[PDB]
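Letters go in sequence order (proteins before strands), and every chain restarts at 1.
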Amino acid sequence: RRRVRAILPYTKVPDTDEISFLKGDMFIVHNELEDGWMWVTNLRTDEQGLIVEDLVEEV
Amino acid sequence: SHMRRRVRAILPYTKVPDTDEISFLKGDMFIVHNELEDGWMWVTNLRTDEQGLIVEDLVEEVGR
């Protein structure tokens with residue numbers, strides 16, 4: 001249960017469970033998943049969803 | 001296509017031994033990482049955090 005930060009923005013793939021975000025957004029990681037993905041909650045939008053792991057860094 | 005979606009088990013499943021299928025309980029949720037051309041998919045079970053193969057016939061999309 002750690003916080004990670006977006007280093008770049010991301011626009012979700014339509015009709016999927018991915019979420020869009022902005023550089024600087026903070027997320028709480030719920031599941032690491034396979035390398036390359038993460039199941040998280042974006043603290044700014046309060047949205048739970050799938051994100052691309054290479055766009056976030058440890059804080 | 002269930003790619004990049006969260007899906008939920010509609011029935012339990014016990015893996016075939018010596019395969020990389022994963023056993024799961026009804027209600028378990030998963031994130032789909034790869035969809036193979038036979039209905040099977042590489043996923044992560046959100047409860048156990050294990051990666052493995054599950055078949056699409058046993059799950060339904062539930063959204064975020």
Does the pair B/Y13 and B/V16 meet the rule for a side chain to side chain contact (heavy atoms under 4.5 Å, CB included), with working shown? CA-CA 9 Å; B/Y13 182 75; B/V16 166; 4.1 Å; yes
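- Linking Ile, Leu, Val, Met, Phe, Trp and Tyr residues whenever their side-chain heavy atoms come within less than 4.5 Å places B/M29 and A/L50 in a single cluster.
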Show your reasoning for whether side chain to side chain contact (heavy atoms under 4.5 Å, CB included) applies to B/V32 and B/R4. CA-CA 5 Å; B/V32 180; B/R4 297 182 168 74; over 6 Å; no
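- With side-chain heavy atoms closer than 4.5 Å counting as contact, directly or through intermediates, B/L25 stands alone and belongs to no larger hydrophobic cluster.
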Solution key, residues 51-59 of chain A side-chain donor-acceptor pairs under 3.5 Å, sequence neighbours excluded:
{"from": "A/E53", "atom 1": "OE1", "to": "A/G36", "atom 2": "N", "distance (Å)": "2.9"}
{"from": "A/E57", "atom 1": "OE2", "to": "A/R5", "atom 2": "NE", "distance (Å)": "3.3"}
{"from": "A/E57", "atom 1": "OE2", "to": "A/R5", "atom 2": "NH2", "distance (Å)": "2.9"}
{"from": "A/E58", "atom 1": "OE1", "to": "A/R2", "atom 2": "NE", "distance (Å)": "3.4"}
{"from": "A/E58", "atom 1": "OE1", "to": "A/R2", "atom 2": "NH1", "distance (Å)": "2.8"}
{"from": "A/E58", "atom 1": "OE2", "to": "A/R2", "atom 2": "NH1", "distance (Å)": "2.8"}
{"from": "A/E58", "atom 1": "OE2", "to": "A/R2", "atom 2": "NH2", "distance (Å)": "3.2"}

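- To the nearest 0.5 Å, the span separating CE on B/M41 from OG on B/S1 amounts to 9.5 Å.
- Checked against side chain to side chain donor-acceptor pair (under 3.5 Å), A/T41 has the following partners two or more places apart in sequence or in another chain: A/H30.
- The hydrophobic cluster containing A/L43 does not contain A/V40, counting ILVMFWY residues as joined when their side-chain heavy atoms lie under 4.5 angstrom apart, directly or transitively.
- For A/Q48, the side chain to side chain donor-acceptor pair (under 3.5 Å) test picks out no residue, with sequence neighbours left out.
- Applying the ring-ring contact (aromatic ring centres under 6.0 Å, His included) criterion to A/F27, with sequence neighbours excluded, gives A/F21.
- Shown here for A/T16 and B/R5, the closest heavy-atom pair between the two residues is CA-CD, 3.3 Å.
- In this structure B/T48 satisfies the side chain to side chain donor-acceptor pair (under 3.5 Å) test together with B/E50, sequence neighbours excluded.
- Closest approach of B/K15 to B/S23, counting heavy atoms only: N-OG, 2.9 Å.
- A/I28 and A/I19 are not part of a single hydrophobic cluster, where members link through side-chain heavy atoms under 4.5 Å apart.
- Residue pairs meeting the salt bridge (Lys or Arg N to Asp or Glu O under 4.0 Å) criterion with at least one partner in residues 20-42 of chain B, sequence neighbours excluded, are B/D28-B/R47.
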